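Chemist: Protein chains in written order, with the authors' numbering: chain H, 1 to 289; chain I, 1 to 289; chain C, 1 to 289; chain D, 1 to 289; chain G, 1 to 289; chain A, 1 to 289. Ideal placement from N, C-alpha and C gives every residue a C-beta, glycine not left out.
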Ligand SMILES: O=C(O)c1cccnc1C(=O)O
Ligand SMILES: O=C(O)c1cccnc1C(=O)O
Ligand SMILES: O=C(O)c1cccnc1C(=O)O
Ligand SMILES: O=C(O)c1cccnc1C(=O)O
Ligand SMILES: O=C(O)c1cccnc1C(=O)O
Ligand SMILES: O=C(O)c1cccnc1C(=O)O
């Protein structure tokens, strides 16, 4: 995509409600440190001290806008961060900058760190000649989904489904509960009348074929070794060429290339959200003359 | 210090609210996946697949209570996870179990992941002879502070001030805006009447002394090499024996012992929250009764 | 669709919150008519005074639950209503029973009113030997969508996309804004990726082909006369067998049979929500043994 | 009355909140369709496609304001709508115009639908030479009451009580629970100390006299056939000239002239909110010259 | 009446919501104090240390119910408090009792203090032979109206009009805005269609008469000396026998009998809410024997 | 203090939330009174009818801002009010001023009442040559703590800790629950890692010392007569120089000077918030073309 146009995804109602809560979480009562700085007009520089990808400007902006501060970016959303970079400047009343400071920073650090891993992982795949979509999961922080999924998009990963209402994903537990894969997929297909796709976690070739026969649009190959994964995917694409194939389970940055192959459409990774460290940013006030 | 007594810190109102919003994030509309599993009474086993410390039972319990499911814990809050362990059992209607599965796991993974890092770091400190307090920061995920600060406790580090509303904290930025460290602290110390303490970030011996003279209860030595840090702290404690010394900036699990000396009372670490990977948990239905 | 299992689609959090907002709407302050009834143990009987389909038990139930009342139903959810029928008995404190009454009845009235129309539309389509799906739209009352979309399902219609983060729908205005049907569907598919279906509104056969060619999952044939619809449908189906066709616009109970064909998969009708008179119900306290 | 000044009744806080819940209902997560339109400065025409009364302007406006879009109206609120008329022009970014489209349309459709049905009933009553008040009920869609009551006022009906903290209304059930009309009215008058009126639903002449005697500000005649209603009213009016008489139950636009008569003061009709079809409108983007 | 049956006025939704804000206000973060008491099953005695009237049981209860505690009342709601009285007893986990303490005490203290003041006023009114209704105002604490108005009622005063939603009160300002008293009342009367009473603030016998002629249901005689009030009110009743006559403005508990007279129906008092000191209660843990 | 620079303490999100709830409480539905005044541009004078200290401008401003109304203050926050003052002017639509009026007046009155009470007290203390802190308590009206604690500051008192997660307070009850003072304070000390202070309620010199020995930062001497208080305090300060001493319990404005001795640091007064009458203010519409 283009990372600058991604911001248009964020609906501005649910956005400001997020921002409000984040501020309240941090300053529920009186802001005593306000008195230290006073409210004089001020400027601070946003320092990027970690390599990766910048993401999260829409969140960073919104937070400060709520506090009557203005942000000037010196890079675009999505651009590569080359450490000790001065990536932006923030102007407003001192106390307002310093109240927004930590929250904006945390939001930007986390969003960026996710985008960073996603870009790293996308590269590694491109590098192995893979043409598919590296994806995320629902293994997001609670109440932080919007920021994390958006982060994955800025990094060039696909978001995967956002909600639980958005694609019907039959998993091991759904199959156990429904008493077998055929039964499960039949129900799943009925519930997704014509508007929603069905995906089915399958731990074996058999489970997959059963799923694919039953009319699954996607078959997720969960926890296969690579040497098992590709022959299994080959059989599937051969027999059901219109069915998409996702590999997930245990997949990391280091090993990702082994999971890439001509018959895998999607690779999903817990790690992009669950084990992607936050980038180091600071926001420092500089004096005017 | 009992880690099972820690759930009492959680006020039940802010807890049940948080849980609602987590579930609403994940499934705002219709849960089509309820139709695949139906609603038969079922049981699921919680499996820990990562080493660390188990943290977040109160949140796990709340999530599932909200969905009319019950939880039996086989290990106490804060115990070591020795992997491929069966840590607990969850009971309830199938569709209800599966609705809360991900959000619960996410929450538990995230909280446990932090506890583990805190525990690692506390152990490191103990191992380097040091009886001070290892601590968190305000570098927490937005909307998720309660879980992360609670996690820090369960792992046995200190939370630090929760929310900018406890302790008053003067930083590089407050000093710049106030036109001096002398001015900044006097203002800070006026604001925090008797109820609140004043801590000051300082980047030199000089700036520390000025702070302590000015009436600082705590003096944070920001971003020192340990070779500078300890001589500095030695003088401070000589000249102002009742002023506490915190050290912060660049402190990893790797180098933490280097910042563990006899005149350092608090060590705060960004990494305990920012860069602690989540633990791997799963929740698998079984068909006993 | 077994209509009694549909209640499993209702996540219990968003439900309970919605119930709260309805009761607060109807009684923001003090309930003065509490004093008129007092709080004597009491029982009322719900009478269905209109013909159609009973829908809304979950909502009815959950309103009374919030006011310590209990409901016992004598008809199953989705059953046929033959007038002057006793469908349930609600038991609880008089004042509570009387507080919930209008809100609970108003909820059951539209939900049933909508289901009734859906059932009638489905019946006319089965009646013209159509094996397709009758569907709702996003033409729903603001804030009431959960009840209305559930209503359609209980009457045997498809809900279409609930959401707008569900299926990606390119409409007449999108096509304009984009700058052409070709350029728009390219951009839709890219946003949709593997996770979502792209549906496109099309005013002619030419626009439909352009669309199918750009990779549309569903072509929606907007405001065609029946004489023009079916030729156009037959063409798309011969040339792109894997694309689903939707007819929509101007469709009524009376004319629906003329829109049924062997090459229409979905027919959506705005009237099913926008013009479905609410059923007559009432709740009258009786005396007990 | 002036229909344009009714907007003053709408307190801008409850209006804005209401709008946000509607917006959030339609797009809880990510707006994928933003990418198809993009953010081009754009303009749309509001086409009125059904006959009736225009109502809902202040809500329509509020919605788009919340998305940074400006509305310009060509008909004033309350004017007669003559089909295929251009009533307004909405401008702003393309993605925003399309985000608010369906919600704003759905709001205006239903408010106008009601206004029309009220105006229609007001007209037939005027046509019978009746000078009383046609009225709404509390039979409103849950959560949508502010819009529906307002629609009644624009069509020139009277909203009954909005609220329930409103007028005190003693109904058949209140009378049953109390054990007797005179008891009930005593209790109701006590609760309505001097600030509220007391109304009593009465199913006979005998009960209506009991209630009038006991001091009710109004007597509602609950299901009378018209041949019975007017003698019962006449007797009431002669015996208690300062009591007001409401006729309710079964009153359709077709039979309304028969319920009009010199001794009825208020005629409340459930149909106005429960069975008023919504109007047809559409919002189509045009390019400028 | 019966102060015990007043609790039925409080709808359980808006209670629990109110109680939740109050608790959140007091402990928005982690409750560190809970670790000092631990969770031992405990009991505590509520001690009334001031003279007055007890009011606020429903709130006190709700608060502790939310914290899983239970309350046994030794005196009924509305009874006379003779100091150092042991009025109730509260049981539940120690940290829960202690978390609820202050918030519940503050609530009961203020409700009780208002009911005391209202009683005092109702007494003096009765003592002076007057059969009217002492009333309060909209001079309530912001967001504490439910409790304050409830207190008035328990004290035996009237809750003058709760919300601005059910009576229509024309004031000095409304008249100025409207450009005269005739105009204002005329307008008000048309706004309050048949459901709502109109009250008019009048500062002179003229302005009162004018309002009465225009159709005012009540005439409020504002800031009159008593020697002016009673002649003014006698003319009023002479000409307008069915128009209620309220007196207001600087009426204190001391002079209240001077404002009592056969022609005054209602007496509102700012002081019942604005200057009613809180009672002194305390909650003391004891060991069981 | 500098009373004008105190507004900076008020975070703008929590402020605008609070203000919305006040407005929603006072007019949840339709504002019939808007029709009486119309929307004409108007102005209103704010009159101060009582002596005291002016407090609550930020809340006042925010309230009106929310209703598109501007305020011009002719007196700085916290100035002395000398009665019949014209302290400010409010411009806006007529219906908007009148909707805001009472809510804002109510806020300003109780904020100003408290500031006044506190100024009275701080004055007597400064008059008694005392250099310590006059403080508040947590005996604040529920849901209104921000306004009341802010008012205390403006009048020159200290807020004290605001909520239960500032300083950690051990009271009679915490001691009972812990089974002793030693145990309770150790637990509070362990809980208050380094971020917080521990304060202990003590009813005797011995208990004060046990607390001081166990590491208490402050010792609150509850309910001592002045004759006991000072000699107790003189001993503490001798034997534990850096422990602070707060007196509290029964300290009226009248007797306060008796509590102002050289070994007392803090004096807390329940009365400042529990028994401080609100000041008298009106807002009157005046003329302009
Ligand atoms: O549920 C998902 O959306 C999902 C998609 C791909 C891989 N894992 C998951 C998961 O959360 O378990
Ligand atoms: O603000 C804090 O509480 C804090 C405390 C210790 C270390 N870092 C921080 C920070 O957020 O920068
Ligand atoms: O958007 C939809 O879901 C939809 C689907 C089919 C027909 N109309 C609509 C509409 O709301 O206009
Ligand atoms: O209650 C009302 O407001 C009302 C007013 C007139 C007629 N019916 C009703 C009703 O809801 O039953
Ligand atoms: O507002 C009221 O209803 C009211 C009623 C009686 C006395 N004062 C008032 C007031 O203006 O606050
Ligand atoms: O608890 C407090 O914060 C407090 C502090 C000082 C004086 N009183 C109190 C109280 O409300 O009991």
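Would you kindly check if the distance between the Cβ of residue 62 of chain G and the Cβ of residue 78 of chain G is under 8 Å?
Modeler: Here residue 78 of chain G is taken as the residue at index 78 of the fifth chain, counted from 1. Here residue 62 of chain G is taken as the residue at index 62 of the fifth chain, counted from 1. In this structure, the beta-carbon distance from residue 78 of chain G to residue 62 of chain G does not fall below 8 Å.
Chemist: Could you please give the first and the last residue of the uninterrupted alpha helix (DSSP H) stretch that includes residue 99 of chain D?
Modeler: What you label residue 99 of chain D is simply residue 99 of the fourth chain in a count that begins at 1. For residue 99 of chain D, the enclosing alpha helix (DSSP H) begins and ends at 94 to 127.
Chemist: Is any non-hydrogen atom of ligand 1 found closer than 7 Å to the C-beta of residue 138 of chain I, if you look at the structure I gave you?
Modeler: For the purposes of this step, residue 138 of chain I is taken as the residue at position 138 of the second chain. False, no ligand heavy atom lies under 7 Å from that Cβ.
Chemist: So does the region 152 to 162 of chain I actually touch the region 214 to 223 of chain A, counting three or more Cβ pairs closer than 8 Å?
Modeler: no
Chemist: Is the number of C-beta pairs between the region 57 to 75 of chain A and the region 279 to 287 of chain G that are closer than 8 Å three or more?
Modeler: no
Chemist: Given a cut-off of 8 Å on the beta-carbon distance, is the pair residue 160 of chain G and residue 135 of chain G in contact?
Modeler: Here residue 160 of chain G refers to the residue found at position 160 when the fifth chain is read from its first residue. Here residue 135 of chain G refers to the residue found at position 135 when the fifth chain is read from its first residue. Less than 8 Å divides the Cβ of residue 160 of chain G from the Cβ of residue 135 of chain G.
Chemist: Tell whether a beta-carbon distance below 8 Å holds between residue 83 of chain C and residue 51 of chain C.
Modeler: In the third chain, the residue the question calls residue 83 of chain C occupies position 83. In the third chain, the residue the question calls residue 51 of chain C occupies position 51. Yes. Within cutoff.
Chemist: Taking any Cβ of chain H, which residues in the region 43 to 60 of chain G have a Cβ under 9 Å from it, in chain order?
Modeler: none
Chemist: Identify every residue that forms a DSSP beta bridge with residue 43 of chain H.
Modeler: What you label residue 43 of chain H is simply residue 43 of the first chain in a count that begins at 1. Looking at the DSSP assignment, residue 43 of chain H forms a beta bridge with H/91.
Chemist: Name, going along the chain, the residues of the region 151 to 173 of chain G whose beta-carbon falls closer than 7 Å to a beta-carbon of chain D.
Modeler: 158, 160, 161, 162, 163, 165, 166, 167
Chemist: Quick one: which residues of the region 14 to 28 of chain H get their C-beta closer than 8 Å to a C-beta of chain G? List them in chain order.
Modeler: 28
Chemist: Counting only Cβ-Cβ distances shorter than 8 Å, please list the residues of the region 70 to 84 of chain C near chain G, keeping chain order.
Modeler: none
Chemist: Apply the 10 Å Cβ neighbour rule to residue 269 of chain D and answer buried if 16 or more other Cβ atoms are within range, or exposed otherwise.
Modeler: Residue mapping note: residue 269 of chain D aligns to position 269 of the fourth chain, counting from 1. Residue 269 of chain D is buried by the Cβ-count criterion.
Chemist: Between which two residues does the alpha helix (DSSP H) carrying residue 259 of chain H extend?
Modeler: Numbered from 1 along the first chain, position 259 holds the residue referred to as residue 259 of chain H. Residue 259 of chain H -> alpha helix (DSSP H) spans 256 to 259.
Chemist: Identify, in the order they occur along the chain, each residue of the same chain with its Cβ nearer than 7 Å to the Cβ of residue 253 of chain C, setting aside the five sequence neighbours on each side.
Modeler: In the third chain, residue 253 of chain C corresponds to position 253, counting from 1. So the list reads 120, 121, 124, once near-sequence residues are dropped.
Chemist: Say yes only if the C-beta of residue 160 of chain H is nearer than 7 Å to one or more non-hydrogen atoms of ligand 1, and no if none qualify.
Modeler: The residue given as residue 160 of chain H occupies position 160 in the first chain. True, at least one ligand heavy atom lies under 7 Å from that Cβ.
Chemist: Just how far apart, CA to CA, sit residue 27 of chain I and residue 7 of chain D?
Modeler: Here the question's residue 27 of chain I lines up with position 27 in the second chain. Here the question's residue 7 of chain D lines up with position 7 in the fourth chain. So the two alpha carbons sit approximately 36 Å from each other.
Chemist: Quick test of your reading: residue 259 of chain C and residue 276 of chain C, contact by CB under 8 Å. State the CB separation rounded to the nearest angstrom.
Modeler: Within the third chain, residue 259 of chain C is the residue found at index 259, counting from 1. Within the third chain, residue 276 of chain C is the residue found at index 276, counting from 1. Wrong, their Cβ atoms sit about 18 Å apart, outside the cutoff.
Chemist: In chain H, which residues lie with their C-beta within 7 Å of the C-beta of residue 30 of chain I?
Modeler: Position 30 of the second chain, counted from the first residue, corresponds to residue 30 of chain I. Under the 7 Å cutoff, chain H gives 165.
Chemist: Quick check: residue 233 of chain C and residue 261 of chain C, are their CB atoms within less than 8 Å of each other?
Modeler: For the purposes of this step, residue 233 of chain C is taken as the residue at position 233 of the third chain. For the purposes of this step, residue 261 of chain C is taken as the residue at position 261 of the third chain. Yes; because the gap between Cβ atoms is below 8 Å, this pair is in contact.
Chemist: For a test of the three-state rule: what should DSSP assign to residue 264 of chain C, helix, strand or coil?
Modeler: By 1-based counting over the third chain, the position of residue 264 of chain C is 264. In this structure, residue 264 of chain C counts as coil in the three-state DSSP scheme.
Chemist: Looking at C-beta atoms only, is the number of pairs between the region 86 to 98 of chain A and the region 31 to 46 of chain A that lie closer than 8 Å three or more?
Modeler: Cβ pair count under 8 Å is three or more, so yes.
Chemist: Run through chain A and tell me which residues come within less than 9 Å of residue 38 of chain H, C-beta to C-beta.
Modeler: Taking the first residue of the first chain as 1, we reach residue 38 of chain H at position 38. Within chain A, the residues near residue 38 of chain H are 5, 8.
Chemist: Closer than 8 Å, CB to CB, is residue 146 of chain G near chain C or not?
Modeler: The residue given as residue 146 of chain G occupies position 146 in the fifth chain. Cβ-Cβ to chain C under 8 Å: yes for residue 146 of chain G.
Chemist: Quick one: does the C-beta of residue 102 of chain A sit closer than 7 Å to a heavy atom of ligand 5?
Modeler: To locate residue 102 of chain A, count along the sixth chain from 1; it is residue 102. Yes; taking the cut-off as 7 Å, the Cβ of residue 102 of chain A has a heavy atom of ligand 5 nearer than that.
Chemist: Excluding five sequence neighbours on each side, which residues of the same chain lie with their C-beta closer than 7 Å to the C-beta of residue 278 of chain I?
Modeler: One-based indexing of the second chain puts residue 278 of chain I at position 278. Cβ neighbours of residue 278 of chain I within its own chain (closer than 7 Å, five residues either side excluded): 109, 110, 113.
Chemist: Can we count residue 268 of chain D as close to ligand 4, meaning its CB is less than 7 Å from some heavy atom?
Modeler: If you number the fourth chain from 1, residue 268 of chain D lands on position 268. Under cutoff, so the answer is yes.
Chemist: What's the C-alpha gap between residue 184 of chain D and residue 130 of chain D?
Modeler: Here residue 184 of chain D refers to the residue found at position 184 when the fourth chain is read from its first residue. Here residue 130 of chain D refers to the residue found at position 130 when the fourth chain is read from its first residue. Taking the straight line joining both Cα atoms gives about 32 Å.
Chemist: Using 8 Å as the limit for Cβ to Cβ distance, is residue 41 of chain A near chain H?
Modeler: Counting from 1 along the sixth chain, the entry for residue 41 of chain A is found at position 41. By this cut-off, residue 41 of chain A is not an interface position.
Chemist: Could you check the C-alpha separation between residue 115 of chain C and residue 149 of chain I for me, to the nearest Å?
Modeler: As a working mapping, residue 115 of chain C is identified with position 115 in the third chain. As a working mapping, residue 149 of chain I is identified with position 149 in the second chain. Taking the straight line joining both Cα atoms gives about 49 Å.
Chemist: Is the CB-CB distance between residue 170 of chain G and residue 201 of chain G below 8 Å?
Modeler: Working through the fifth chain from its first residue, we reach residue 170 of chain G at position 170. Working through the fifth chain from its first residue, we reach residue 201 of chain G at position 201. A contact, by the Cβ cut-off of 8 Å.
Chemist: Determine whether the beta carbon atoms of residue 236 of chain H and residue 219 of chain H lie at a separation below 8 Å.
Modeler: Start at 1 with the first residue of the first chain, and residue 236 of chain H comes out as number 236. Start at 1 with the first residue of the first chain, and residue 219 of chain H comes out as number 219. Closer than 8 Å, so yes.
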